[PDB]
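Trainee: So I've got this file, run.cif, and it contains mmCIF, C-alpha atoms and all ligand atoms:
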data_target
#
loop_
_atom_site.label_atom_id
_atom_site.label_comp_id
_atom_site.auth_asym_id
_atom_site.auth_seq_id
_atom_site.Cartn_x
_atom_site.Cartn_y
_atom_site.Cartn_z
CA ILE Y 1 -163.52 96.52 -65.61
CA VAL Y 2 -161.65 94.58 -68.36
CA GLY Y 3 -162.05 90.80 -68.53
CA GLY Y 4 -164.71 90.72 -65.80
CA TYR Y 5 -168.36 89.67 -65.62
CA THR Y 6 -171.82 91.17 -65.11
CA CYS Y 7 -172.29 91.22 -61.26
CA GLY Y 8 -176.09 90.93 -61.25
CA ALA Y 9 -178.42 93.68 -60.02
CA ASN Y 10 -177.67 94.84 -56.48
CA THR Y 11 -175.29 91.92 -55.71
CA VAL Y 12 -172.64 94.53 -54.65
CA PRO Y 13 -174.87 96.60 -52.35
CA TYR Y 14 -172.11 98.96 -51.08
CA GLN Y 15 -171.10 100.03 -54.62
CA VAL Y 16 -171.96 103.65 -55.43
CA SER Y 17 -171.88 105.69 -58.62
CA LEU Y 18 -170.65 109.28 -58.27
CA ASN Y 19 -172.59 111.47 -60.67
CA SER Y 20 -171.89 115.11 -61.87
CA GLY Y 21 -174.41 114.93 -64.72
CA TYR Y 22 -172.91 111.56 -65.76
CA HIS Y 23 -171.14 108.70 -63.95
CA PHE Y 24 -167.49 109.62 -63.39
CA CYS Y 25 -166.20 107.47 -60.52
CA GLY Y 26 -167.17 104.74 -58.12
CA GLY Y 27 -167.25 104.74 -54.31
CA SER Y 28 -168.16 102.53 -51.35
CA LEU Y 29 -170.90 103.13 -48.81
CA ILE Y 30 -169.39 102.73 -45.31
CA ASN Y 31 -172.36 103.90 -43.24
CA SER Y 32 -175.74 105.51 -43.94
CA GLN Y 33 -174.15 108.99 -44.25
CA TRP Y 34 -170.62 108.41 -45.64
CA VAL Y 35 -168.96 107.23 -48.86
CA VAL Y 36 -165.25 106.37 -49.38
CA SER Y 37 -163.78 107.12 -52.85
CA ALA Y 38 -160.48 108.19 -54.44
CA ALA Y 39 -159.14 111.73 -53.93
CA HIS Y 40 -158.36 111.91 -57.68
CA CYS Y 41 -162.16 111.60 -58.21
CA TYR Y 42 -162.68 114.95 -56.43
CA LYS Y 43 -165.00 117.47 -58.04
CA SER Y 44 -167.71 119.87 -56.92
CA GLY Y 45 -171.40 119.05 -57.54
CA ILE Y 46 -171.36 115.36 -56.62
CA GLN Y 47 -174.57 113.35 -56.37
CA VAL Y 48 -174.17 109.89 -54.84
CA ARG Y 49 -176.23 107.19 -56.52
CA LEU Y 50 -176.90 104.14 -54.36
CA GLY Y 51 -178.72 100.80 -55.31
CA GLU Y 52 -177.64 101.18 -58.95
CA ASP Y 53 -177.35 98.44 -61.50
CA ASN Y 54 -178.10 100.00 -64.89
CA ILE Y 55 -176.88 103.61 -64.50
CA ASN Y 56 -179.02 104.81 -67.42
CA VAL Y 57 -182.39 103.30 -66.39
CA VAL Y 58 -184.39 103.89 -63.23
CA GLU Y 59 -185.04 100.29 -62.11
CA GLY Y 60 -186.58 100.89 -58.67
CA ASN Y 61 -183.86 100.36 -56.05
CA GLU Y 62 -182.00 103.69 -56.53
CA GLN Y 63 -181.34 106.35 -53.92
CA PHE Y 64 -179.97 109.64 -55.35
CA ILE Y 65 -178.49 111.81 -52.58
CA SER Y 66 -176.42 114.99 -53.10
CA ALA Y 67 -173.07 115.30 -51.28
CA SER Y 68 -173.03 117.91 -48.49
CA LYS Y 69 -169.26 117.76 -47.93
CA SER Y 70 -166.22 116.29 -49.71
CA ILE Y 71 -163.00 115.77 -47.76
CA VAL Y 72 -159.86 114.84 -49.68
CA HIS Y 73 -157.17 113.26 -47.48
CA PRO Y 74 -155.02 116.02 -45.93
CA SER Y 75 -151.85 114.51 -47.41
CA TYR Y 76 -153.21 113.57 -50.85
CA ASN Y 77 -150.51 114.25 -53.43
CA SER Y 78 -151.97 114.23 -56.95
CA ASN Y 79 -148.41 114.13 -58.44
CA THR Y 80 -147.61 110.69 -56.96
CA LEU Y 81 -151.17 109.59 -56.08
CA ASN Y 82 -150.00 108.92 -52.52
CA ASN Y 83 -152.96 109.01 -50.05
CA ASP Y 84 -155.55 108.66 -52.87
CA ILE Y 85 -158.62 108.63 -50.62
CA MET Y 86 -161.54 110.96 -49.95
CA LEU Y 87 -164.68 110.94 -47.84
CA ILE Y 88 -168.06 112.16 -49.07
CA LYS Y 89 -170.81 113.06 -46.62
CA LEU Y 90 -174.39 112.62 -47.84
CA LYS Y 91 -176.97 115.43 -47.34
CA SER Y 92 -179.39 112.88 -45.88
CA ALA Y 93 -178.97 109.33 -44.59
CA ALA Y 94 -179.34 106.41 -47.01
CA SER Y 95 -182.06 103.90 -46.21
CA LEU Y 96 -180.20 100.65 -45.66
CA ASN Y 97 -181.70 97.40 -47.00
CA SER Y 98 -180.47 94.11 -48.59
CA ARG Y 99 -179.67 96.01 -51.84
CA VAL Y 100 -178.19 99.19 -50.28
CA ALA Y 101 -175.73 98.26 -47.53
CA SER Y 102 -172.51 99.45 -45.94
CA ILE Y 103 -169.18 97.61 -46.28
CA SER Y 104 -167.00 97.11 -43.20
CA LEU Y 105 -163.69 98.87 -42.79
CA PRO Y 106 -160.66 96.59 -42.19
CA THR Y 107 -159.19 95.89 -38.74
CA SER Y 108 -155.87 94.40 -40.38
CA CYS Y 109 -154.45 94.67 -43.84
CA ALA Y 110 -155.44 91.93 -46.27
CA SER Y 111 -153.17 88.97 -46.92
CA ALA Y 112 -151.23 88.72 -50.47
CA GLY Y 113 -152.94 86.06 -52.56
CA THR Y 114 -156.39 86.84 -51.08
CA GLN Y 115 -158.96 86.91 -53.90
CA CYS Y 116 -160.77 90.24 -53.85
CA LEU Y 117 -163.89 91.53 -55.58
CA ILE Y 118 -163.37 94.76 -57.62
CA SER Y 119 -166.37 96.41 -59.26
CA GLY Y 120 -167.44 99.37 -61.36
CA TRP Y 121 -168.91 100.94 -64.49
CA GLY Y 122 -165.55 101.73 -66.12
CA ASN Y 123 -164.10 100.88 -69.54
CA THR Y 124 -164.26 97.18 -70.50
CA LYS Y 125 -161.60 97.31 -73.28
CA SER Y 126 -157.77 97.43 -72.91
CA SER Y 127 -157.64 98.84 -76.44
CA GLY Y 128 -160.42 101.17 -77.50
CA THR Y 129 -163.40 102.15 -75.41
CA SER Y 130 -166.63 100.51 -74.37
CA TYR Y 131 -168.50 101.55 -71.28
CA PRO Y 132 -171.14 99.28 -69.73
CA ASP Y 133 -174.53 100.36 -68.43
CA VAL Y 134 -174.67 97.61 -65.78
CA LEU Y 135 -172.22 96.94 -62.96
CA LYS Y 136 -169.18 94.79 -63.78
CA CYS Y 137 -167.20 92.66 -61.37
CA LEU Y 138 -163.71 91.16 -61.27
CA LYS Y 139 -162.04 88.69 -58.94
CA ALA Y 140 -158.33 89.37 -58.54
CA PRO Y 141 -155.62 88.49 -56.04
CA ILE Y 142 -153.47 90.88 -54.04
CA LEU Y 143 -149.88 90.74 -55.40
CA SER Y 144 -146.72 90.78 -53.25
CA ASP Y 145 -145.12 94.16 -52.57
CA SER Y 146 -141.93 93.05 -54.37
CA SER Y 147 -143.83 92.28 -57.64
CA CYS Y 148 -145.77 95.57 -57.28
CA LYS Y 149 -142.57 97.58 -56.77
CA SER Y 150 -140.89 95.76 -59.70
CA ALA Y 151 -143.82 96.57 -62.00
CA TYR Y 152 -143.73 100.28 -61.11
CA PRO Y 153 -140.16 101.15 -60.05
CA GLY Y 154 -139.99 104.22 -57.80
CA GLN Y 155 -143.78 104.70 -57.71
CA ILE Y 156 -145.25 102.38 -55.04
CA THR Y 157 -145.62 103.82 -51.53
CA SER Y 158 -146.60 101.95 -48.34
CA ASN Y 159 -150.12 103.36 -48.97
CA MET Y 160 -150.55 101.38 -52.20
CA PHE Y 161 -150.88 97.74 -53.22
CA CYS Y 162 -151.15 95.91 -56.51
CA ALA Y 163 -153.85 93.43 -57.42
CA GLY Y 164 -154.57 91.51 -60.57
CA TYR Y 165 -152.71 89.32 -63.04
CA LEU Y 166 -149.22 89.96 -64.41
CA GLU Y 167 -150.16 88.07 -67.62
CA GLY Y 168 -152.66 90.89 -68.35
CA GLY Y 169 -156.22 90.55 -69.61
CA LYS Y 170 -158.11 91.24 -66.32
CA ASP Y 171 -158.01 94.61 -64.51
CA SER Y 172 -159.93 97.63 -63.34
CA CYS Y 173 -159.91 100.62 -65.71
CA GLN Y 174 -160.87 104.29 -66.36
CA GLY Y 175 -164.25 104.99 -64.74
CA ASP Y 176 -163.78 102.31 -62.06
CA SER Y 177 -161.64 104.83 -60.09
CA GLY Y 178 -162.78 105.33 -56.52
CA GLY Y 179 -164.59 101.98 -56.41
CA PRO Y 180 -164.18 99.10 -53.98
CA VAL Y 181 -161.69 96.30 -53.61
CA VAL Y 182 -163.32 93.99 -51.05
CA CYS Y 183 -161.34 91.09 -49.55
CA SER Y 184 -162.86 88.76 -46.90
CA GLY Y 185 -165.88 91.11 -46.58
CA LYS Y 186 -163.72 94.16 -45.76
CA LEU Y 187 -162.98 97.33 -47.87
CA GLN Y 188 -159.22 96.84 -48.32
CA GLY Y 189 -158.60 98.88 -51.49
CA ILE Y 190 -159.83 101.79 -53.58
CA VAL Y 191 -159.37 101.73 -57.37
CA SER Y 192 -156.52 104.24 -57.82
CA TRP Y 193 -154.25 103.94 -60.87
CA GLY Y 194 -152.23 101.75 -63.27
CA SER Y 195 -150.41 102.01 -66.58
CA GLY Y 196 -153.39 101.52 -69.22
CA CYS Y 197 -155.60 98.58 -68.22
CA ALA Y 198 -155.02 94.84 -68.30
CA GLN Y 199 -151.53 95.26 -69.79
CA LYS Y 200 -148.89 92.57 -69.25
CA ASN Y 201 -146.73 93.35 -66.19
CA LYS Y 202 -148.79 96.46 -65.30
CA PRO Y 203 -151.30 95.39 -62.64
CA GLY Y 204 -153.84 97.70 -61.00
CA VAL Y 205 -152.60 99.88 -58.11
CA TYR Y 206 -155.01 100.43 -55.20
CA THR Y 207 -155.12 102.70 -52.14
CA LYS Y 208 -154.36 100.63 -49.02
CA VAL Y 209 -157.49 101.41 -46.93
CA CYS Y 210 -156.20 99.77 -43.73
CA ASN Y 211 -153.67 102.66 -43.37
CA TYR Y 212 -156.57 105.19 -43.23
CA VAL Y 213 -158.96 103.66 -40.74
CA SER Y 214 -158.01 105.99 -37.84
CA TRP Y 215 -158.41 109.06 -40.11
CA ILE Y 216 -161.76 107.83 -41.46
CA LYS Y 217 -163.10 107.18 -37.93
CA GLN Y 218 -161.84 110.57 -36.59
CA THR Y 219 -163.26 112.40 -39.60
CA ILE Y 220 -166.69 110.70 -39.37
CA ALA Y 221 -166.81 111.41 -35.60
CA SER Y 222 -166.32 115.18 -36.25
CA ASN Y 223 -168.34 115.88 -39.45
CA CA C 301 -180.54 102.68 -62.40
#
Could you render the structure from this file as structure tokens?
Ligand SMILES: [Ca+2]

Mentor:
Amino acid sequence: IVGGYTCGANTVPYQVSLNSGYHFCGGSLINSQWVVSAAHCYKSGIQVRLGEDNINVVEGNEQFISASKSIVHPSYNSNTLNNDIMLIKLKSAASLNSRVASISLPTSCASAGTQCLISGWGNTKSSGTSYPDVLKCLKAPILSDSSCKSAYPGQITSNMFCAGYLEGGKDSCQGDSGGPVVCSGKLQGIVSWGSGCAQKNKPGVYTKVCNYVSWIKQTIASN
């Protein structure tokens, strides 16, 4: 997260770190057994880390649970990033508390202009690299489809939306991928892609979760 703030320990209780020996992506806990992330975050050997604040220090609220199954969306196209969503099933159920909690799936797509909370452990610089140990947060509005399409001509599908600030300076970034965009207490986006981070006229692009709710429900009901 570039231009954001320190969330505070366990103030984003659905945020997960995906770990393959190191943090590599975020995700969102959606029930005690399932995590939503980005398909471009796929790899084998995932351990889901719940109740994290500092990802390098055991602070006492962590639950480390290996993935039993990863399911990339059937129509994920890594060339275009269309359908950039995956589900991760945990080997055992998380113990839900005030600091480890699920986030609700949307019923309707979020409104443009709604201020959303985006979070993660990704790069905090738009030039150069600096990765935080504690969770960072950003508040950013959903942009209109016309501004999104203008920013990225020929690249925005109906399964994507833009959020952020056209002036630059505030954005998600590398390492935030797969993490949540929460608007009105619903998981409306997944950190997906963008052209660098926090660049003028290049807002963040996010997987439109509302388009996937039927698939998520069907998949969870059968796995
Ligand atoms: Ca920790």

Trainee: Pick the closest to ligand CA 301 (chain C) from Y:57, Y:148, Y:156, Y:117: which is it, counting only C-alpha atoms and all ligand atoms?

Mentor: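 Residue with the minimum atom-to-atom distance to ligand CA 301 (chain C): Y:57.
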
Trainee: Let me see if you get this right: every residue at most 10 Å from ligand CA 301 (chain C), counting only C-alpha atoms and all ligand atoms, written as a PyMOL selection string.

Mentor: chain Y and resi 9+17+49-64+133-134

Trainee: In Å, with one decimal, what is the gap from atom CA of residue 221 of chain Y to atom CA of residue 116 of chain Y?

Mentor: 28.6 Å

Trainee: Kindly provide, as a VMD selection string, the polymer residues lying within 12 Å of (-151.6, 96.4, -61.1), counting all atoms listed in the file and using the coordinates exactly as they appear in the file.

Mentor: chain Y and resid 140 to 145 147 to 152 155 to 156 160 to 173 191 to 207

Trainee: Using only C-alpha atoms, what residues lie at most 10 Å away from (-163.6, 102.5, -70.5) (file coordinates), given as a PyMOL selection string?

Mentor: chain Y and resi 1-2+121-132+172-176+197

Trainee: What does the distance from atom CA of residue 210 of chain Y to atom CA of residue 6 of chain Y come to in Å, to one decimal?

Mentor: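 For atom CA of residue 210 of chain Y relative to atom CA of residue 6 of chain Y, the distance reads 27.8 Å.
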
Trainee: Give the answer as one residue: which of Y:119, Y:98, Y:107, Y:177 has the shortest atom-to-atom distance to residue 18 of chain Y, using only C-alpha atoms?

Mentor: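 Among Y:119, Y:98, Y:107, Y:177, it is Y:177 that comes nearest to residue 18 of chain Y.
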
Trainee: From the list Y:108, Y:102, Y:115, Y:92, which residue is nearest residue 213 of chain Y when using all atoms listed in the file?

Mentor: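 Of Y:108, Y:102, Y:115, Y:92, the one nearest residue 213 of chain Y is Y:108, counting all atoms listed in the file.
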
Trainee: From the options Y:183, Y:110, Y:137, Y:35, which residue's atoms come nearest to residue 48 of chain Y, counting all atoms listed in the file?

Mentor: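 Residue with the minimum atom-to-atom distance to residue 48 of chain Y: Y:35.
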
Trainee: Write out as a list in words each polymer residue whose atoms come within 9 Å of residue 5 of chain Y, counting only C-alpha atoms; drop sequence neighbours fewer than 6 positions from it.

Mentor: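 Listing them by chain and then by number gives residues 135, 136, 137 and 138 of chain Y.
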
Trainee: Calculate how many Å separate atom CA of residue 186 of chain Y from atom CA of residue 45 of chain Y, rounding to one decimal.

Mentor: 28.6 Å

Trainee: For residue 103 of chain Y, which residue out of Y:75, Y:223, Y:82, Y:184 is the nearest one, using only C-alpha atoms?

Mentor: Y:184
